[PDB]
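Each chain is listed here by its residues.
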Amino acid sequence: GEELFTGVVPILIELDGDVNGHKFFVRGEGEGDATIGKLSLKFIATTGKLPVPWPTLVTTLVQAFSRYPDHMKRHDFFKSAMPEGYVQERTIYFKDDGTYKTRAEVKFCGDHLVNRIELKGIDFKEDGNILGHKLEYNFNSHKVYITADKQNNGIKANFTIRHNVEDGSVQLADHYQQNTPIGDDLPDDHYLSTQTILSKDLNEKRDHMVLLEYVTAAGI
Amino acid sequence: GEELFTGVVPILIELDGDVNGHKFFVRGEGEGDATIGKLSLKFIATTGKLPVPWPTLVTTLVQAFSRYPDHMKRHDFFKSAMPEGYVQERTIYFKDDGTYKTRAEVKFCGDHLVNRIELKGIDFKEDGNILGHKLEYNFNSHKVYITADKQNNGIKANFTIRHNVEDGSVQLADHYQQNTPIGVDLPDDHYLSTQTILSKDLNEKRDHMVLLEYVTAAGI
């Protein structure tokens, strides 16, 4: 449950996407250290150039690696679902634009932690910030609000992602999320505050993304 | 357990190896399709350059994805063990050289079929076809003979593997495996006829192997 998240864990990520009829596949790879909250991953677009901006995919592509202080270890639903893992469903609303519908399995296929995601995006404006590729290669820091569901013995989360546009404006992305266990902790109201860096591999010819995250828990 | 294989299934493999003291790790990723019997996978050595040739690891690294025709479905042991899974133990005798001892766990992990493997190779000649890396980046077509092991509630299999050598000569490798259920249809004597292509990913800078297989059952 948590003994798995001592030390460093190799991570494998697979995204299967479809936005307005445009299909694409992404394979991620790297390491996570939940004890310090660190994520280090390289993503690869295995279908050529993406039909959507890389930052719009950041939230969808391992909250189990968030750092919970010892006084909040009770409230770590994510880890305690391991190995068996959990389903993570999201509907992501982009203001004045399309929406993403996602469903993911975050499970321990045992040496690696694996996140496999189905993504379908609909009703995106072709000259909007998304399909028009007008979003900066950035990612601001957000709080992620977590509450519990006795009903599915899972959790729910609410947060808004602020995407930087080349204008200097902000593209808002409202996230609504459900996490339920794949098989048999439930937390008090608390939040995850996230940080993210986006970069490139200067020797990578395919459309890719290098990502670094530090997520720690708080609010209790 | 034919239900789980009606379509395409994502496959993730892990090989933990030690051949003549040389430790190494191989991650495998890709998908299978047992309705046509196709495997398309990519393997990565996360450990550095392999001490052994990639063809010597091909058999160790999902028969459950073999194609059984409608009239042979009563002999498909591998699929009947799903998703609970089976243990596959092998001993591989390389003619006039060392030997492989492999133990594997082939079981379902969410939507993934997972193959966790332990491999130990001993008594290899350093200037032989294996440690000396003399085997062509190749794989021949074989017949994998399967019989029932009623005492074991599973199946035994026996086959001969023909590795091409740079010589123009052949390196024989005698395979003996015992497949036992974790958590099954019983099979008359039949065989699996196999075909395999080995290739590279030009964008992958680590020691790797891209694999593609077509396996069909016959003999009844």
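The structure under discussion appears in the preceding block.
What is the right way to look at the overall build of chain A in this model?
For chain A, the count of helices and strands is one helix and eleven strands. When the helices and strands of chain A are placed in sequence order, the string is β-β-β-α-β-β-β-β-β-β-β-β. Reported as C-alpha extents along the three principal axes, the dimensions of chain A are approximately 45 × 35 × 30 Å. With 220 residues in all, chain A has 53% of them scored as buried. For chain A, the computed accessible surface area is about 9,900 Å², with 46% contributed by carbon and sulfur atoms. In chain A, which carries 25 positive and 33 negative side-chain charges, the distance between the mean positions of the two groups comes to 2 Å.

Would you take a moment to explain the overall build of chain B for this structure?
Tallying secondary structure elements over chain B gives one helix and eleven strands in all. Its C-alpha radius of gyration of 17 Å places chain B within 12% of the 17 Å reference for a compact globule of 220 residues. Counting only C-alpha atoms and orienting by the principal axes, one finds that chain B spans roughly 45 × 35 × 30 Å.

Looking at this model, I keep getting lost on the interface of chain A and chain B. Mind explaining?
Often, the extent of an interface is quoted as the loss of accessible area upon association of its parts. Contacts between the two partners involve 17 residues from chain A and, on the opposite side, 18 residues from chain B. For the chain A and chain B pair, buried surface summed over both sides reaches about 1,500 Å², with 48% attributable to carbon and sulfur atoms. It is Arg27, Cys109 and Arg206 of chain A that lose the most area in chain A upon contact with chain B, and together they represent 30% of the buried surface on that side. The tally of links between chain A and chain B comes to five salt bridges. A salt bridge links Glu29 of chain A to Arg206 of chain B; its shortest N-O distance comes to 2.7 Å. Where chain A touches chain B, the interface holds nine residue pairs in polar contact. For the side of chain A that touches chain B, the secondary-structure elements that each account for two or more residues are β1 (9-19), β2 (22-33), β5 (99-109) and β6 (112-122) of chain A. Ranked by residue count, the leading element in the side of chain A that touches chain B is β5 of chain A, at four residues. Looking at the side of chain A that touches chain B, its residues break down into four nonpolar, three polar and ten charged.

Would you take a moment to explain the side chain of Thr99 of chain A for this structure?
Along the chain, the position of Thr99 of chain A falls in strand β5. If we skip the residues at most four places from it in the chain, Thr99 of chain A touches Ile92, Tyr93, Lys120, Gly121, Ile122 and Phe124 of chain A.

Please explain the state of the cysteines as it appears in this structure.
Chemically, a disulfide is nothing more than a covalent bond linking the sulfur atoms of two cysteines. Overall, the coordinates contain one disulfide over all chains when judged by the stated rule. Note that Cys109 of chain A is cross-linked by a disulfide to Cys109 of chain B, the S-S spacing being 2.1 Å. On the sign convention where negative is left-handed, the bridge of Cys109 of chain A and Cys109 of chain B, at about -100 degrees about the S-S bond, is left-handed. Of the two residues, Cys109 of chain A is situated in strand β5 and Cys109 of chain B in strand β5 (residues 99-109); the pairing between them involves two chains.

What is the right way to look at the pattern of salt bridges in this model?
Counted according to the given criterion, the structure contains 23 salt bridges over all chains. In this structure, the salt-bridge partner of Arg103 of chain B is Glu89 of chain B, at a minimum N-O distance of 3.3 Å. You can see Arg103 of chain B sitting in strand β5 and its partner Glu89 of chain B sitting in strand β4 (residues 86-94), a full 14 residues away along the chain. A residue is classified by how much of its surface remains accessible, and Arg103 of chain B, at 40% relative accessible area, is partly exposed. Owing to a relative accessible area of 40%, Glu89 of chain B belongs among the partly exposed residues under this scheme. Through salt bridges with shared partners, a single ionic network connects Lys42, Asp201, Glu204 and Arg206 of chain A together with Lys42 and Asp201 of chain B.

Can you walk me through the environment of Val58 of chain A in this structure?
Residue and element names in this part refer to chain A. Within the secondary structure, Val58 is located in the loop between β3 (38-45) and α1 (77-80). Residue class for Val58 comes out buried when judged on its relative accessible area of 6%. Along the backbone, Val58 and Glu3 are 55 residues apart, and their C-alpha atoms lie at a distance of 27 Å. With sequence-adjacent residues up to four places away left out, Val58 is seen in contact with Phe139, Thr196, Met209, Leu211 and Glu213.

Where do I start with the sheet that holds β2 of chain A in this structure?
To summarise the sheet geometry, strands pair through backbone hydrogen bonds and adopt either a parallel or an antiparallel arrangement. The strand order around the closed barrel built from eleven strands is β1-β2-β3-β11-β10-β7-β8-β9-β4-β5-β6 (chain A), with neighbouring strands paired in mixed fashion. Going across the sheet, the axis of each strand differs from the next one's by a mean of 20 degrees, ignoring polarity.

Just to check I follow, could you spell out the packing of aromatic side chains for this structure?
The relative placement of two aromatic rings is captured by the distance of their centres and the angle of their planes. Scanning the model with the defined rule gives 20 aromatic pairs over all chains in all. Judged by centre distance (5.2 Å) and plane angle (80 degrees), the ring pair of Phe5 of chain B and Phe65 of chain B falls under edge-to-face. Judged on exposure class, the residue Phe5 of chain B and its partner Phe65 of chain B are both buried. Positioned above the aromatic ring of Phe5 of chain A, the side-chain terminus of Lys79 of chain A is 5.7 Å from the ring centre.

Here is what the cut-offs are and how they apply
Residues numbered from 1 in each chain as written, not as in the entry; some residues may be left out. Chains lettered and ligands numbered in written order. Heavy atoms only, no water. Residues with missing side-chain atoms left out of burial classes, pairs and counts. Helix = DSSP H or I, 4+ residues; strand = E, 2+ residues; numbered from the N terminus. Buried < 20%, exposed > 50% of the residue type's maximum accessible area, 1.4 Å probe, protein only. Areas by Shrake-Rupley, 256 points an atom, 1.4 Å probe, with all protein chains shown as cover. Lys, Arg positive; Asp, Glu negative; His and termini not counted. Charge placed at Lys NZ, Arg CZ, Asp CG, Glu CD. Rg over C-alpha atoms; globule rule 2.2 N^0.38 Å. Contact = heavy atoms within 4.5 Å. Buried area = accessible area lost by both parts, 1.4 Å probe. Salt bridge = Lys/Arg side-chain N within 4 Å of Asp/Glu carboxyl O. Polar contact = N/O pair within 3.5 Å; in protein donor to acceptor, adjacent residues only side chain to side chain. Nonpolar A, V, L, I, M, F, W, Y, C, P; charged D, E, K, R; others polar. Disulfide = S-S within 2.5 Å. Pairing = 2+ DSSP bridges. Axes fitted to C-alpha atoms, helices over the stretch in contact; angles between N-to-C directions. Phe/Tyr/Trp six-rings, centres within 6.5 Å; stacked < 30°, edge-to-face > 60°. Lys NZ or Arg CZ within 6 Å of the ring centre and 35° of its normal.

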